[PDB]
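Encoded as C-alpha cells, the following chain is the form deposited in one PDB entry, with no partner shown.
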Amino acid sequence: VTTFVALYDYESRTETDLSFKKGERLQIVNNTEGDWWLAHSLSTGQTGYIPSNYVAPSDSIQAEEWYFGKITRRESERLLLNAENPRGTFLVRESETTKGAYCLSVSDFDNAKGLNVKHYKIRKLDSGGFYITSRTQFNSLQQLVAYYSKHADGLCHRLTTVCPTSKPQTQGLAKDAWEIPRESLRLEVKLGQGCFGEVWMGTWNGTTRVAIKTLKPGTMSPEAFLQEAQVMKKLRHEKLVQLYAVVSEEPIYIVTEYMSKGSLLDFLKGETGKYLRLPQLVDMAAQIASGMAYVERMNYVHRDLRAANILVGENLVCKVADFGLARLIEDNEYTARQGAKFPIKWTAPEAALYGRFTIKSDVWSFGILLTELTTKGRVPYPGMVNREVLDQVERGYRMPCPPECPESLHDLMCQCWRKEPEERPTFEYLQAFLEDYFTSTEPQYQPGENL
C-alpha cells in the first residue's frame, strides 16, 4: 500500500466518506479501481471513501500542484490565457503527440500576437532525468521546474505562477448516491423557467453546490425517467454536464453539475457576449462538438441540441446539458413536434415529419447552433415564423450565411443541413474540423534546438 496525497480540500458529506484538506496523507490499497476509494488518513486518523480524482501518490510527479496530467493542448491554453494570470503562468502536462514526453506550457506577452501560450517539449533522458534543451538537464521534473522558476534561460519568460485551477467535480455526489430524497436538497436561488419546469441553484447535504431541474407534474413518468437515467448516468465526458442524481417522486427533481455562467444563448446576448471574436466562438463550437462526438461514440441521441441547452462556465468552457430528456416528455402536442413548445427551427425535417430522431438530426441542430454562435444569439430563419418553417425547409430552403460568418463555416452548416441524414457529417469530423480551423505556421512546439 501507498500513501497518497490530497490535491484539494473535500468537505466530507455523508457518513461513509472522508473529509480532508489539500495536503493530507491518506492510505489506500494500490490496485484499487473505480471512482471512490477507501482511505485511512494518517493525518486525521479518520477513515472513509474519497473521490479518486482528488488524490495522487505521494512524491510522484502527479502530486505536484502544477502537474495537469493528460489535459489537452487546446484546453491548457484555455486555463493559461485566463486574463488574471500574470505572464509566466505555467503548467506541465503529457504531450498528446510524442508517446511518453511531457510538455511545459507557459503564458507570455508579445507585441504581434498579444498574450499567447508557448509550449515546450520535455524529453526524458536515458538517466530518468529531463531536459528542454540538451544544454541544461536535471534528474527530475521538479528540479527542472525549480530552475526555470529562477531564470528563463532560453524560455520566453521565467516561470512565475502555477496555473490556477478549480476543484474537479467528483463522479457522483458520493459513493452509492443515485436516487436521493427531496430533503437532502436545498433550493436557494431560482435560475430560470423552462417550458416544463424550473432550474435552480442549490446544495446537497449542506455541502456541494448543485444544479436542480424541477419537472412540472405530468411531464414524464417517474418510471420511464428512471429507466432512462440508468443510461444518462453512464454518460461521463468533460463536455457533458454530469448527471449527479434524481428524486423519483413526482415532481421529479434532476440534480446536475452547477454551471456558473448560465446558458449559451443568454451569455451570447448581453455584454461579455457582445465582444467575442470568431476564434473564441469557434473554440466554443468545438467544445460542443467534442461533447456530441462522445454522445456519438456511445450510440446516444441528444434530441434538442441548441444554444439554450449549452451551459457555460469559467474560461468559456461549454457543456451539453439535458441530453435525451426530451424523448421522455409526454405532451401530446410537443411529441407531435407541434405547438409553441417545439424548437421547429432546429429540427431536422425527418424528425419533424417522421419522429426519426437520430444522431444525424442532432447534426442538423448543430448547424443551426452555429448560426446562433455567429449572430450572438439571433433567432434562426429571422424573417419567418415557425408555422411556416417546415414547408420552407422541405421545399429545399436554407439559411443564407449570416453576415460576419466566414463562408467556410457557413458551408459547414450546409453539410449539416443536407437533405439525407446519412450524408451529413459525423461529430468526430465536426470536432476535428473546428479544433484545427485556424492554421498557423510551424511553431507547434518551441524549438529547444538551443535557446
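Residue positions are given as counts along the sequence shown, with the first one as 1. Rigid core (definition): largest C-alpha set, two forms, superposition within 1.5 Å.
Quick note: we don't show the form solved in complex with a small molecule, though the next part is all about it.
Looking at 156-164, 369-377, 208-216, 85-93, the stretch with residues near the small molecule in the deposited complex, meaning non-hydrogen atoms within 4.5 angstroms, turns out to be 208-216.
In the deposited complex, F138 stays away from the small molecule, with no heavy atom inside 4.5 Å. When contacts are judged by a 4.5 Å heavy atom cut-off, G114 does not count as touching the small molecule in the deposited complex.
Although the partner is absent here, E257 sits close enough that one of its heavy atoms falls within 4.5 Å of the small molecule in the deposited complex. When the small molecule is considered in the deposited complex, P181 lies well away from it, no heavy atom lying within 4.5 Å. Against the small molecule in the deposited complex, the set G192, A308 and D322 is in full contact: each member has a heavy atom within 4.5 Å. A single residue from the set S105, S263, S365, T170 has any heavy atom within 4.5 angstroms of the small molecule in the deposited complex; that residue is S263. Contact with the small molecule in the deposited complex, defined as a heavy atom within 4.5 Å, holds for exactly one of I122, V199, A229, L235, namely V199.
Lining up the core between this form and the one not shown shows that one residue from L38, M413, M399, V389 moves its Cα 2 Å or more, and that residue is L38.
With the core superposed, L125 shows a C-alpha displacement of at least 2 Å between this form and the one not shown. Here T207 counts as shifted, since its C-alpha moves by at least 2 Å between this form and the one not shown after the core is aligned.
With a cut-off of 2 Å and the rigid core superposed, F68 has a Cα displacement that falls short of the cut-off between this form and the one not shown.
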